[PDB]
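Below, in structure tokens: the form solved without the ligand, a single chain.
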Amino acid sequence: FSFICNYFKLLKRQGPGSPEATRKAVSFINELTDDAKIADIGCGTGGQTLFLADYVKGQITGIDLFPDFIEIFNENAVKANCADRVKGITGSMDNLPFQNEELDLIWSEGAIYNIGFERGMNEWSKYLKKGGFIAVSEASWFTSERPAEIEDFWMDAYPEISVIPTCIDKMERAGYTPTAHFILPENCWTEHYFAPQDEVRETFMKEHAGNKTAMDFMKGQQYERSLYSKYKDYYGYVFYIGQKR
């Protein structure tokens, strides 16, 4: 749980996605002013955060469990002349540091740990203002049944994975207007998630030859890719955008 996160500090992103993907998500929320308070829960290194900051106005707060990630986050915000509005702090997903009706937007791209789609939608809602938006990319099914292999893997990493209708149904239950939903372009995995893991893949080996667990980790990593190229028609990330009623 430690060493994992340490290897990810090297990548510019800890999960599928893309500028365009984060951009098409914002195209469904209402314009915000510099006064708007925004929150990216599970921001990680802030890869998507800066993409977001580029398309909206307001003050953004990044929140992640892993401090090393936040350390880089603020460093990236500074290197990007915007650490005045975009700030990062450690905290937990199930105990957010906010107040009722304080936020205008709740962003989260399934990065760094999780607490169940259903659970998040309800708990995070009391922080969002009325008419405020919630946008989150979540792994889901694209059909009513898939082969066993992909079925099992997911049912062992994140069992609350489900068909899109259920996700959309949980939203309305949580008090959201299902504004929009859309599947992240296949490129969000290959180019923007797997590819990056390549540069490092080489020197990672030399750097971690003998280490036994380091190797089991890689196989695990190379197992997602070979799992995606094989079943990408049965699953993937889906961006959900809903307005609090």
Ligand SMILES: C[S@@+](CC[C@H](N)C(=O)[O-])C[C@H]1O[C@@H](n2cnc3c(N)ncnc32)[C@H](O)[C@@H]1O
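In this text, the rigid core denotes the largest set of C-alpha atoms whose superposition between the two forms falls within 1.5 Å. Start at 1 and count along the sequence shown; that's the residue number. Shifts are known only where both forms have a C-alpha.
Only in words, not in the display: the form solved in complex with the ligand, which the text now covers.
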Placed ligand check: the ligand in the deposited bound form, overlay by site C-alphas, backbone/C-beta within 2.4 Å = blocked
Should residue 44 be counted as a contact of the ligand in the deposited bound form, where contact means heavy atoms within 4.5 Å?
-> yes
So in the deposited bound form, does residue 135 come within 4.5 Å of the ligand, heavy atom to heavy atom?
-> no
Is residue 111 close enough to touch the ligand in the deposited bound form, meaning at least one heavy atom pair within 4.5 Å?
-> yes
Counting only non-hydrogen atoms and a 4.5 angstroms cut-off, does residue 93 reach the ligand in the deposited bound form?
-> yes
Out of the stretches listed (54-62, 173-181, 35-43, 201-209), which one is close to the ligand in the deposited bound form, meaning heavy atoms within 4.5 Å?
-> 35-43
Of 86, 171, 106, 112, which one has a Cα that moves 2 Å or more between this form and the one not shown once the core is lined up?
-> 112
With a difference of at least 3 Å, the CA distance of residue 113 and residue 7 in the deposited bound form shows the atoms farther
In the deposited bound form, whether the C-alpha atoms of residue 175 and residue 113 sit closer or farther than here (change of 3 Å or more) = closer
What stretches, three or more residues long, have all their C-alphas moved by 2 Å or more between this form and the one not shown when the rigid core is held in place?
-> 111-113, 206-208
